[PDB]
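Undergrad: Please find model.csv (CSV, C-alpha atoms and all ligand atoms) on the next line:
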```
chain,number,residue,atom,x,y,z
V,43,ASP,CA,2.2,-5.8,17.9
V,44,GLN,CA,6.0,-5.5,18.2
V,45,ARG,CA,7.6,-2.1,18.4
V,46,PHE,CA,10.9,-1.7,16.5
V,47,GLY,CA,12.2,1.8,17.3
V,48,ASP,CA,9.7,4.3,15.9
V,49,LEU,CA,7.8,1.7,13.9
V,50,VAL,CA,5.4,-1.0,14.8
V,51,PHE,CA,5.4,-4.5,13.3
V,52,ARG,CA,2.6,-7.0,13.4
V,53,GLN,CA,2.4,-10.5,12.0
V,54,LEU,CA,-0.8,-11.1,10.1
V,55,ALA,CA,0.2,-14.4,8.4
V,56,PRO,CA,3.3,-16.7,8.7
V,57,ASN,CA,4.8,-15.0,5.5
V,58,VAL,CA,2.9,-11.7,5.6
V,59,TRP,CA,3.9,-9.0,8.1
V,60,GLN,CA,2.4,-5.5,8.5
V,61,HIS,CA,4.5,-2.4,9.3
V,62,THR,CA,3.2,0.8,10.8
V,63,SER,CA,5.2,4.0,10.6
V,64,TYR,CA,4.3,7.1,12.7
V,65,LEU,CA,4.8,10.7,11.6
V,66,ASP,CA,4.7,13.3,14.3
V,67,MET,CA,2.8,16.3,13.0
V,68,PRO,CA,3.2,19.4,15.4
V,69,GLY,CA,-0.3,20.4,16.4
V,70,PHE,CA,-2.0,17.2,15.2
V,71,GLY,CA,-0.3,14.2,16.6
V,72,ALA,CA,1.3,11.0,15.3
V,73,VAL,CA,0.0,9.8,11.9
V,74,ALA,CA,0.2,6.1,11.1
V,75,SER,CA,0.8,4.5,7.8
V,76,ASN,CA,0.6,0.7,7.2
V,77,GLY,CA,2.4,-1.5,4.7
V,78,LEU,CA,2.9,-5.1,3.9
V,79,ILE,CA,5.9,-7.4,3.9
V,80,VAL,CA,5.7,-10.8,2.1
V,81,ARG,CA,8.2,-13.5,2.1
V,82,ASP,CA,8.3,-15.4,-1.3
V,83,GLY,CA,10.6,-18.3,-0.7
V,84,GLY,CA,14.0,-16.9,-0.2
V,85,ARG,CA,13.2,-13.4,-1.2
V,86,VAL,CA,11.3,-10.5,0.4
V,87,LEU,CA,8.6,-8.4,-1.3
V,88,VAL,CA,7.6,-5.1,0.2
V,89,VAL,CA,4.4,-3.1,-0.5
V,90,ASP,CA,4.6,0.7,0.0
V,91,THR,CA,7.2,2.6,2.0
V,92,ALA,CA,7.1,4.6,5.2
V,93,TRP,CA,6.6,8.3,5.8
V,94,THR,CA,10.4,9.0,5.5
V,95,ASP,CA,13.4,7.3,4.0
V,96,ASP,CA,14.8,6.8,7.5
V,97,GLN,CA,11.7,5.0,8.7
V,98,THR,CA,11.7,2.9,5.5
V,99,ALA,CA,15.4,2.0,6.2
V,100,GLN,CA,14.3,0.7,9.6
V,101,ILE,CA,11.9,-1.6,7.8
V,102,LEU,CA,14.7,-3.0,5.8
V,103,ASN,CA,16.7,-3.4,9.0
V,104,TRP,CA,13.9,-5.3,10.5
V,105,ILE,CA,13.6,-7.5,7.4
V,106,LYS,CA,17.4,-8.3,7.7
V,107,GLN,CA,17.1,-8.8,11.4
V,108,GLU,CA,14.1,-11.2,11.5
V,109,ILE,CA,13.8,-12.6,8.0
V,110,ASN,CA,17.5,-12.2,7.1
V,111,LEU,CA,16.5,-12.3,3.4
V,112,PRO,CA,17.1,-9.8,0.6
V,113,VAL,CA,14.3,-7.7,-0.8
V,114,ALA,CA,13.6,-8.5,-4.5
V,115,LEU,CA,11.3,-5.5,-5.3
V,116,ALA,CA,9.1,-2.9,-3.7
V,117,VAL,CA,5.8,-1.7,-5.1
V,118,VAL,CA,3.8,1.4,-4.0
V,119,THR,CA,0.1,2.1,-4.2
V,120,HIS,CA,0.3,5.7,-5.3
V,121,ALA,CA,2.6,8.8,-5.4
V,122,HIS,CA,1.8,10.3,-2.0
V,123,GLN,CA,3.8,11.4,1.0
V,124,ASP,CA,2.1,8.7,3.1
V,125,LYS,CA,3.2,5.9,0.7
V,126,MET,CA,6.2,7.1,-1.2
V,127,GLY,CA,8.3,8.7,1.5
V,128,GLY,CA,11.1,6.2,1.5
V,129,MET,CA,11.8,5.8,-2.2
V,130,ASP,CA,15.4,7.0,-2.1
V,131,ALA,CA,16.0,4.6,0.8
V,132,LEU,CA,15.1,1.6,-1.4
V,133,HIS,CA,17.2,3.0,-4.2
V,134,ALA,CA,20.2,3.2,-1.9
V,135,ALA,CA,19.6,-0.3,-0.7
V,136,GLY,CA,19.5,-1.6,-4.3
V,137,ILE,CA,15.8,-2.5,-4.4
V,138,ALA,CA,13.8,-2.4,-7.7
V,139,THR,CA,11.1,0.1,-7.2
V,140,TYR,CA,7.8,-0.5,-9.0
V,141,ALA,CA,5.0,2.1,-9.3
V,142,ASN,CA,2.1,3.1,-11.6
V,143,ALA,CA,3.1,4.8,-14.8
V,144,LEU,CA,0.9,7.7,-13.5
V,145,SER,CA,2.5,7.6,-10.1
V,146,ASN,CA,6.0,8.0,-11.6
V,147,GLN,CA,4.7,11.0,-13.5
V,148,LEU,CA,3.0,12.5,-10.4
V,149,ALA,CA,6.0,11.9,-8.2
V,150,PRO,CA,8.0,15.0,-9.3
V,151,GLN,CA,4.7,16.9,-8.9
V,152,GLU,CA,4.0,15.8,-5.3
V,153,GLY,CA,7.7,16.3,-4.5
V,154,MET,CA,8.7,12.6,-4.3
V,155,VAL,CA,11.2,10.4,-6.1
V,156,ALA,CA,9.9,8.3,-9.0
V,157,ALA,CA,10.3,4.6,-9.1
V,158,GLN,CA,12.9,2.9,-11.4
V,159,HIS,CA,10.1,0.9,-13.1
V,160,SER,CA,6.7,1.8,-14.3
V,161,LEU,CA,3.6,-0.4,-14.3
V,162,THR,CA,1.0,-0.4,-17.0
V,163,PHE,CA,-2.6,-1.7,-16.7
V,164,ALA,CA,-5.1,-3.0,-19.2
V,165,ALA,CA,-8.6,-1.7,-20.0
V,166,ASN,CA,-10.1,-3.8,-17.2
V,167,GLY,CA,-7.5,-2.4,-14.8
V,168,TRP,CA,-5.4,-5.6,-14.5
V,169,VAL,CA,-1.6,-5.1,-14.5
V,170,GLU,CA,0.3,-6.0,-17.7
V,171,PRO,CA,2.5,-9.0,-17.0
V,172,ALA,CA,5.2,-7.5,-19.2
V,173,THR,CA,5.6,-4.6,-16.7
V,174,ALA,CA,5.3,-6.9,-13.7
V,175,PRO,CA,8.0,-9.5,-14.0
V,176,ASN,CA,9.1,-11.7,-11.1
V,177,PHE,CA,6.3,-10.4,-8.9
V,178,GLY,CA,5.4,-13.8,-7.5
V,179,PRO,CA,2.3,-13.7,-5.3
V,180,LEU,CA,1.9,-9.9,-5.8
V,181,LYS,CA,-1.2,-9.4,-8.0
V,182,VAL,CA,-1.4,-5.7,-8.7
V,183,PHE,CA,-4.8,-4.3,-9.8
V,184,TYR,CA,-5.9,-0.8,-10.8
V,185,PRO,CA,-9.5,-0.1,-9.5
V,186,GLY,CA,-9.6,3.3,-11.1
V,187,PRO,CA,-10.0,6.9,-9.9
V,188,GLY,CA,-10.6,7.0,-6.2
V,189,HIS,CA,-8.3,8.6,-3.5
V,190,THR,CA,-6.2,9.6,-6.5
V,191,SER,CA,-6.0,8.9,-10.2
V,192,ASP,CA,-2.9,6.7,-9.8
V,193,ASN,CA,-4.0,4.7,-6.8
V,194,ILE,CA,-3.7,0.9,-7.2
V,195,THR,CA,-4.3,-2.2,-5.1
V,196,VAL,CA,-2.3,-5.4,-4.5
V,197,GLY,CA,-3.6,-8.8,-3.8
V,198,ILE,CA,-1.5,-11.5,-2.1
V,199,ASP,CA,-2.0,-14.6,-4.3
V,200,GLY,CA,-2.0,-17.9,-2.4
V,201,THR,CA,-3.8,-16.3,0.5
V,202,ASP,CA,-7.0,-14.5,1.3
V,203,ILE,CA,-5.2,-11.1,1.9
V,204,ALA,CA,-5.6,-7.9,-0.1
V,205,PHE,CA,-4.0,-4.5,0.2
V,206,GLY,CA,-6.5,-1.6,-0.4
V,207,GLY,CA,-3.9,1.1,0.3
V,208,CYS,CA,-5.5,4.4,1.1
V,209,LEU,CA,-8.4,3.9,-1.3
V,210,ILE,CA,-10.3,1.6,1.0
V,211,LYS,CA,-11.1,2.4,4.7
V,212,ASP,CA,-12.3,0.3,7.6
V,213,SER,CA,-15.9,-0.8,8.4
V,214,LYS,CA,-16.1,1.8,11.2
V,215,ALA,CA,-14.6,4.7,9.1
V,216,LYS,CA,-16.4,8.0,9.7
V,217,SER,CA,-14.4,9.8,7.0
V,218,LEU,CA,-12.8,9.0,3.7
V,219,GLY,CA,-9.7,11.0,4.6
V,220,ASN,CA,-8.0,13.2,2.1
V,221,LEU,CA,-10.2,13.9,-0.8
V,222,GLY,CA,-8.1,16.6,-2.4
V,223,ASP,CA,-6.8,14.8,-5.5
V,224,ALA,CA,-9.6,12.3,-5.2
V,225,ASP,CA,-12.5,11.6,-7.6
V,226,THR,CA,-15.9,11.9,-6.0
V,227,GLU,CA,-17.6,10.5,-9.0
V,228,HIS,CA,-15.7,7.3,-9.8
V,229,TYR,CA,-14.8,6.6,-6.2
V,230,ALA,CA,-18.0,4.5,-5.7
V,231,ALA,CA,-17.1,2.3,-8.6
V,232,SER,CA,-13.3,2.0,-7.9
V,233,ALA,CA,-14.0,0.8,-4.3
V,234,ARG,CA,-16.2,-2.0,-5.7
V,235,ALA,CA,-13.8,-2.8,-8.5
V,236,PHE,CA,-11.2,-3.8,-5.8
V,237,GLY,CA,-13.7,-6.0,-4.1
V,238,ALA,CA,-14.7,-7.7,-7.3
V,239,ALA,CA,-11.0,-8.2,-8.2
V,240,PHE,CA,-10.3,-10.0,-4.9
V,241,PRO,CA,-13.6,-11.7,-3.8
V,242,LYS,CA,-11.7,-14.5,-2.0
V,243,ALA,CA,-9.9,-12.0,0.1
V,244,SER,CA,-11.3,-11.7,3.6
V,245,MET,CA,-8.3,-9.9,5.1
V,246,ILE,CA,-8.5,-6.3,3.8
V,247,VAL,CA,-5.4,-4.4,4.8
V,248,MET,CA,-5.4,-0.6,4.5
V,249,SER,CA,-2.8,2.0,5.2
V,250,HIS,CA,-4.6,4.1,7.8
V,251,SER,CA,-6.4,1.4,9.8
V,252,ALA,CA,-6.0,-2.2,11.0
V,253,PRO,CA,-6.9,-5.1,8.7
V,254,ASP,CA,-10.6,-5.4,8.4
V,255,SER,CA,-13.0,-7.8,6.8
V,256,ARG,CA,-14.8,-7.4,3.4
V,257,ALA,CA,-17.3,-5.1,5.2
V,258,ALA,CA,-14.6,-2.4,4.9
V,259,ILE,CA,-14.9,-2.5,1.1
V,260,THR,CA,-18.7,-2.2,1.1
V,261,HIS,CA,-18.5,0.5,3.8
V,262,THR,CA,-16.0,2.6,1.7
V,263,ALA,CA,-18.3,2.0,-1.4
V,264,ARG,CA,-21.4,3.1,0.6
V,265,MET,CA,-19.6,6.2,1.8
V,266,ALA,CA,-18.3,7.0,-1.7
V,267,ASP,CA,-21.9,6.4,-3.0
V,268,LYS,CA,-22.9,9.7,-1.3
V,269,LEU,CA,-19.9,11.6,-2.8
V,301,LIG,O1,-3.7,9.3,3.0
V,301,LIG,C1,-3.4,10.3,3.6
V,301,LIG,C2,-4.0,10.7,4.8
V,301,LIG,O2,-5.0,9.9,5.3
V,301,LIG,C3,-3.5,11.8,5.4
V,301,LIG,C4,-4.3,12.4,6.4
V,301,LIG,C5,-3.6,13.1,7.4
V,301,LIG,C6,-4.4,13.8,8.4
V,301,LIG,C7,-5.7,13.7,8.4
V,301,LIG,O3,-6.5,14.4,9.3
V,301,LIG,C8,-6.4,13.0,7.4
V,301,LIG,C9,-5.7,12.4,6.4
V,301,LIG,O4,-6.3,11.7,5.4
V,301,LIG,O5,-2.2,12.2,5.2
V,301,LIG,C10,-1.9,12.1,3.9
V,301,LIG,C11,-0.9,13.0,3.4
V,301,LIG,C12,-0.5,12.9,2.0
V,301,LIG,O6,0.4,13.7,1.5
V,301,LIG,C13,-1.1,11.9,1.2
V,301,LIG,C14,-2.0,11.0,1.7
V,301,LIG,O7,-2.5,10.1,0.9
V,301,LIG,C15,-2.4,11.1,3.1
V,302,ZN,ZN,-2.6,9.2,-0.9
```
Could I get this file's structure written as structure tokens?
TA:
Amino acid sequence: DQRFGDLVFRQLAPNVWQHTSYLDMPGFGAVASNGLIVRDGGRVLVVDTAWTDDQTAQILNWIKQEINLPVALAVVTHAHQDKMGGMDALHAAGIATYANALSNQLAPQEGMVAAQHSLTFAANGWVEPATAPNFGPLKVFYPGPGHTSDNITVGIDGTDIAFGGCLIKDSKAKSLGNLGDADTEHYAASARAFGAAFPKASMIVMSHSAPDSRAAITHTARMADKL
């Protein structure tokens, strides 16, 4: 793990890096949010933002420092403070923001900035290619209602890595986390939908825990099975 100011960066794969932003909550401690940075040739693709615009700006600084390549687009998993905190930062940097059509609608409701582009999914939950242009190895998939009704997942094509966001937890998770705007009925199905979408993905990266194995998916499903 390499520390860059207030954020931590860890290389998972040669072209796939993980970022961890920490938010100090008075009386609770430092909360951590993970994200993914993928290098597709001569362009950079970012998955999810940090807690704040400042922290997200640091990520862009790191990308320019190490990779030294421009970010093509940035896609978030859902309209939440732990994932869409640096939307304005990307807009200021001139980066195309991609988000679920529902997320863009929920953004002004959760008190966040909506993305410039909206993603639409089919009946099976797969993203419409028309709304996902020049995504490269970013295969977006909508598992359904889980942590939220707008939560989505992203798979890194060409590799065995998949981003579960905040929908999926680790194999040693004792809690599902925030279940406020979550669905306790379809959660058990959505967790499995993600696993069925990316069965060749062994590296399951989440936003609140280190990259686990496929056991994390089944664990989340089993925990949601009792919801
Ligand atoms: O995923 C969240 C989370 O784990 C948490 C979280 C924080 C503290 C805690 O004890 C448990 C949590 O799930 O923070 C969030 C705050 C948000 O506004 C939206 C979120 O999706 C989260
Ligand atoms: Zn959330």
Undergrad: For ligand ZN 302 (chain V), collect every residue having any atom at a distance of at most 12 Å from a ligand atom (counting all atoms listed in the file); output as a PyMOL selection string.
TA: chain V and resi 75+90+93+118-127+145+148-149+152+187-194+206-210+218-224+248-250
Undergrad: Kindly give the distance, in Å, that separates CA of residue 128 (chain V) and CA of residue 49 (chain V), rounded to a single decimal.
TA: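 Distance between the two atoms: 13.6 Å.
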Undergrad: To one decimal place, how far is CA of residue 56 (chain V) from CA of residue 109 (chain V) in Å?
TA: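 Computed distance, CA of residue 56 (chain V) to CA of residue 109 (chain V), equals 11.3 Å.
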Undergrad: So what do you get for CA of residue 180 (chain V) versus CA of residue 135 (chain V), distance-wise?
TA: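 Those two atoms sit 20.8 Å apart.
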Undergrad: Calculated over only C-alpha atoms and all ligand atoms, which of the candidates V:54, V:215, V:131, V:141 has the smallest distance to ligand LIG 301 (chain V)?
TA: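 Under the stated criterion, the closest residue is V:215.
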Undergrad: Counting all atoms listed in the file, what is within 10 Å of residue 252 (chain V), bar same-chain residues fewer than 2 positions away, as a PDB file with C-alpha atoms, keeping the file's coordinate frame?
TA:
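Result saved to selection-v1.pdb:
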```pdb
ATOM      1  CA  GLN V  60       2.400  -5.500   8.500  1.00  0.00           C
ATOM      2  CA  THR V  62       3.200   0.800  10.800  1.00  0.00           C
ATOM      3  CA  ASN V  76       0.600   0.700   7.200  1.00  0.00           C
ATOM      4  CA  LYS V 211     -11.100   2.400   4.700  1.00  0.00           C
ATOM      5  CA  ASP V 212     -12.300   0.300   7.600  1.00  0.00           C
ATOM      6  CA  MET V 245      -8.300  -9.900   5.100  1.00  0.00           C
ATOM      7  CA  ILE V 246      -8.500  -6.300   3.800  1.00  0.00           C
ATOM      8  CA  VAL V 247      -5.400  -4.400   4.800  1.00  0.00           C
ATOM      9  CA  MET V 248      -5.400  -0.600   4.500  1.00  0.00           C
ATOM     10  CA  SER V 249      -2.800   2.000   5.200  1.00  0.00           C
ATOM     11  CA  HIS V 250      -4.600   4.100   7.800  1.00  0.00           C
ATOM     12  CA  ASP V 254     -10.600  -5.400   8.400  1.00  0.00           C
ATOM     13  CA  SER V 255     -13.000  -7.800   6.800  1.00  0.00           C
TER      14      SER V 255
END
```
Undergrad: Can you tell me which residues surround region 234-243 of chain V at a distance of at most 8 Å, considering all atoms listed in the file, apart from same-chain residues fewer than 3 positions away, and format the answer as a ChimeraX atom specification?
TA: /V:183-186,195,197,201-204,206,230-231,246,256,259-260,263
Undergrad: I'd like the contact shell of residue 267 (chain V) - 10 Å cut-off, all atoms listed in the file, skipping same-chain residues fewer than 5 positions apart - returned as a PyMOL selection string.
TA: chain V and resi 226-231+233+261-262
Undergrad: Check the smallest atom-to-atom distance from each of V:132, V:111, V:143, V:154 to ligand LIG 301 (chain V) using all atoms listed in the file, then report the winner.
TA: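 Distance minimum relative to ligand LIG 301 (chain V) lands on V:154.
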Undergrad: From the list V:178, V:153, V:68, V:47, which residue is nearest residue 86 (chain V) when using all atoms listed in the file?
TA: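 Using all atoms listed in the file, the shortest distance to residue 86 (chain V) belongs to V:178.
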Undergrad: Might I get the box with edges along x, y and z of the file that holds all atoms of region 238-242 of chain V listed there, padded by 5 Å on every side, given as centre and edge lengths in Å to one decimal, as lines of an AutoDock Vina configuration file?
TA:
```
center_x = -12.5
center_y = -11.1
center_z = -5.1
size_x = 14.4
size_y = 16.8
size_z = 16.2
```
Undergrad: Just checking: using only C-alpha atoms and all ligand atoms, which residue out of V:177, V:251, V:50, V:138 ends up closest to ligand LIG 301 (chain V)?
TA: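 With only C-alpha atoms and all ligand atoms as the atom set, the closest residue is V:251.
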Undergrad: Restricting the calculation to all atoms listed in the file, which member of V:217, V:103, V:232, V:94 is positioned closest to ligand LIG 301 (chain V)?
TA: V:217
Undergrad: Which of these residues is nearest to ligand LIG 301 (chain V), using all atoms listed in the file: V:57, V:151, V:44, V:146?
TA: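 Answer, going by the shortest atom-to-atom distance: V:151.
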